[PDB]
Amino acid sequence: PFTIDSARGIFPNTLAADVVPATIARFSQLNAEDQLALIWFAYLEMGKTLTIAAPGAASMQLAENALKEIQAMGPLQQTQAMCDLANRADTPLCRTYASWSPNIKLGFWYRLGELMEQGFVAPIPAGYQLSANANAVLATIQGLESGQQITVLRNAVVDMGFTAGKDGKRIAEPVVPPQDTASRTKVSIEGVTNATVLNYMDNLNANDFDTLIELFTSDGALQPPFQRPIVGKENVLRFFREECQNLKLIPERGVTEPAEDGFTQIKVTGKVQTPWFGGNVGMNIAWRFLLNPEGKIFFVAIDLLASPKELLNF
C-alpha cells in the first residue's frame, strides 16, 4: 500500500504469459525484412480461421495521407518505407506513425495487408525464406493461444516508428459517447460483491471513462499487460480514452484479502474481448486491485495469463 512499484508484487502466484514479451524481444532482434515477412506469414495463416474487424472510419481518415504516400511510391521505396518503420528509423513517416494511437497503427497495417494481398503494394518477395532466428520466432507464435498470438502482433505493430520528444502530438480516434444507462449490462463475479470492482468493470464495459476515473486515488495507477504502471488520473484517463474503447470484460470469479493499513487486495480472473476480434478471441485475464480504506483504486494491474490453467479453480 506504500508505493505503486511495490504494489506490482501483489498476488505473486499469478503466472502471467511472459512468453509474449519474450517472443517480442526475440522478434525485435530480427532483420527488418524478416520482421515484415514473419508478420505477413503469421497474418495470412491466422486469417484462415480468424477475421480481423475492419478499422473504423475515423481511424482510416487519420491514416489516409500516410497510406496514400506509400501507395504512390515505387515498389523498392514501398519496401524501404516498411523497413524504416520496422527498424524504428527517424523519418517523417516514422514520426507520423509514432504519433498514432495503437488502433490507428493497426488500421494502417490492416490496409497495407489488404493492398499487399491485392498486389498494389510491394508484397513480400515470392518464395521468401525466413532467417533461422525468424523461423523459430514464428513457430513459437503459432504454438501460442490465439489471445497471446494477437497480443504479440499488436505489440509488434505498436513498437514500430520513431518517437522524437516527450510532449509530441498524440493522435487518437474520437471518443465514443458512453452507453445509455438503460441498456447497460452488469457483471456478476463469483465471490466478489466489492462495489469498486463491480463499478470498474461495468463502467469500462459502458465506455464511461469519466465515471471510471473517479474510482481511482489521485496518485493511483493502472498497469496494462506487460507495460509499466500508468500513474495518476490524467494519464490513466488519457489511456482509457485513446486505447480502451469498445472492450468487453467478462470477469468470472475472484478472491478478496486484507492488505497493510486497512487496504484490500482483490484478484479477479475471467476473459476479455477486443473489438478487433469480437467473440472469436477470448483472452484469459487477471485483474489485481489494491483498494484504499475508502474503496478507491490505488493500483490495478491487468495480466494476460499463461494458460487457462491460471484461471481461478479451473
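All residue numbers refer to positions in the sequence shown, first residue = 1.
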| query | finding |
| --- | --- |
| Missing coords for residue 94 in a third or more of other PDB entries | no |
| Third-or-more of other entries without residue 167 | yes |
| Per the entry, higher mean C-alpha B factor between 19-27 and 6-14 | 6-14 |
| Comparing 68-76 with 233-241, the one whose average Cα B-factor in the PDB entry is higher | 68-76 |
| Candidate residues 225, 102, 147, 168, the one whose C-alpha B factor the record puts highest | 168 |
| Of the residues 107, 113, 92, 143, the one carrying the largest Cα B-factor as recorded | 92 |
| Residue 151 CA temperature factor, ranked by third within the chain | lowest |
| Chain-wide C-alpha B factor ranking for residue 49, given as lowest, middle or highest third | highest |
| Within-chain third of residue 134 by Cα B-factor, per the entry | lowest |
| Residue 97 - Cα temperature factor, lowest/middle/highest third of chain | middle |
| Third of the chain's Cα B-factor distribution that residue 268 belongs to, per the entry | lowest |
